[PDB]
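Colleague: I have a structure here, written as structure tokens, and I will follow up with some questions on it.
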Amino acid sequence: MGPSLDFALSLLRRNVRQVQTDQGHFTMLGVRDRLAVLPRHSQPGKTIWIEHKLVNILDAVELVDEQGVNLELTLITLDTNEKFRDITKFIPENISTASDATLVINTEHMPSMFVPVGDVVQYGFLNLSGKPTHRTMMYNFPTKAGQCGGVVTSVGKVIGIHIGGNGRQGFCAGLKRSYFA
Ligand SMILES: *[C@@H](CC(=O)OCC)[C@H](C[C@@H]1CCNC1=O)NC(=O)[C@@H](CC(=O)[C@@H](NC(=O)c1cc(C)on1)C(C)C)Cc1ccc(F)cc1
């Protein structure tokens, strides 16, 4: 098996988890220690269902930029037994585009699912169901409901978290390493 498949399957084993909130099914990315990230609209509460058990949430942070604009990412500290494998080194230091990225999804409904979104380009502002959002990127792929939280990856780099689409295109919140320092 080659390196790209190996890397994505290793994410799925160690960092990319099937979850459920009151809003439904999402992919969760565990980044390090007991810190994970989810799309803001998943609206995690005091507890979250992770794979096979209810986990308590000790803290949630909704990220906004200096202008007070939604970034569509919530950082959760979990009451988990184990630390996540630390993947902050794979998250670029600034929001980065990519070529021929793969969207990796892991939900009870869409388990271990690989979506060939293709090139990922700068997009910036995005009106997400009436919510103004910054620091997004775009792929010309018809992504669908249930894919939010999906991890946008390319060549060993973890660069986005899927957050929406319009039936022709998909958008992610961009990831940068400072979010998890
Ligand atoms: C993932 C969450 C989900 O499944 O919720 C159940 C509806 C989902 C992925 C997209 C659905 C269709 N295609 C997808 O890939 N995300 C959402 O539903 C968010 C909202 C959207 O994606 C909306 N799209 C846009 O607003 C938009 C704008 C442009 C230029 O292109 N698309 C559509 C449903 C209209 C959920 C969300 C996020 C943030 C919010 F504040 C509210 C809702």
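Colleague: Please count how many residues of segment 103-140 are over 20 Å from residue 70 (Cβ atoms) and surrounded by fewer than 20 Cβ atoms within 10 Å (Cβ to Cβ).
Modeller: 12
Colleague: Residue 94: closer than 15 Å to residue 180 by Cα and within 12 Å of the chain's Cα centre (by Cα), yes or no? Steps first, please.
Modeller: Details: closer than 15 Å to residue 180 by Cα: yes; within 12 Å of the chain's Cα centre (by Cα): no.
In short, no.
Colleague: Something else about it: Evaluate the following for residue 143: is it crowded, with 18+ Cβ neighbours inside 10 Å and outside any strand (DSSP E or B)?
Modeller: Answer is yes for this residue.
Colleague: Go through segment 78-98 and give me each residue that's under 18 Å from residue 34 (Cβ atoms) and in a loop (DSSP other than H, G, I, E, B).
Modeller: Within segment 78-98, 79, 80, 81, 82, 83, 85, 86, 87, 91 qualify.
Colleague: Would you be able to tell me the number of residues in segment 146-161 that are assigned to a loop (DSSP other than H, G, I, E, B) and within 12 Å of the ligand (Cβ to nearest atom)? Give the steps one after another, and end with the answer.
Modeller: Here is the first cut: in segment 146-161, the ones assigned to a loop (DSSP other than H, G, I, E, B) are 146-150, 155-156.
From what is left, the residues that are within 12 Å of the ligand (Cβ to nearest atom) are 146-150.
Selection size over segment 146-161: 5.
Colleague: Go through (1) part of a strand (DSSP E or B); (2) more than 9 Å from the ligand (Cβ to nearest atom); (3) surrounded by fewer than 15 Cβ atoms within 10 Å (Cβ to Cβ) one by one and return the number of the condition residue 172 breaks.
Modeller: (3)
Colleague: On the basis of being within 9 Å of the ligand (Cβ to nearest atom) and out of contact with any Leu (no Cβ under 9 Å at 6 or more places or on another chain), does residue 166 make the cut?
Modeller: Details: within 9 Å of the ligand (Cβ to nearest atom): yes; out of contact with any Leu (no Cβ under 9 Å at 6 or more places or on another chain): yes.
Taking the combined requirement at face value, the residue satisfies it.
Colleague: Further, regarding this structure: Only one residue in 99, 112 is in contact (Cβ under 8 Å) with a residue 24 or more places away in the chain, touching an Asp or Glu at 6+ places or on another chain (Cβ under 6 Å) and among the small types (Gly, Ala, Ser). Which one?
Modeller: Numbers: 112 fails: touching an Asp or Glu at 6+ places or on another chain (Cβ under 6 Å).
Of the residues listed, the single one that is in contact (Cβ under 8 Å) with a residue 24 or more places away in the chain, touching an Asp or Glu at 6+ places or on another chain (Cβ under 6 Å) and among the small types (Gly, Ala, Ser) is 99.
Colleague: So in segment 112-123, with the set limited to residues that are over 15 Å from residue 98 (Cα atoms) and either part of a strand (DSSP E or B) or over 15 Å from the mean Cα position of the chain (by Cα) (or both), which one is farthest from the ligand (Cβ to nearest atom)?
Modeller: Pass one, segment 112-123, residues over 15 Å from residue 98 (Cα atoms): 112-114.
Applying the additional criterion that residues be either part of a strand (DSSP E or B) or over 15 Å from the mean Cα position of the chain (by Cα) (or both) yields 113-114.
On the way: 113: 13, 114: 15 Å.
Here the answer is 114.
Colleague: Yes or no: segment 43-60 includes at least one residue that is under 14 Å from the mean Cα position of the chain (by Cα) and outside any loop (DSSP other than H, G, I, E, B).
Modeller: Scanning segment 43-60 turns up no residue that is under 14 Å from the mean Cα position of the chain (by Cα) and outside any loop (DSSP other than H, G, I, E, B).
Colleague: Can you name the number of the only condition in (1) surrounded by fewer than 21 Cβ atoms within 10 Å (Cβ to Cβ); (2) outside any strand (DSSP E or B) that residue 74 fails?
Modeller: Condition (2) is where residue 74 drops out.
No lab work stands behind these numbers, since they all come straight from the coordinates. Here the Cβ is made from the backbone with ideal geometry for all residues, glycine too, and neighbour counts use every protein chain on show.
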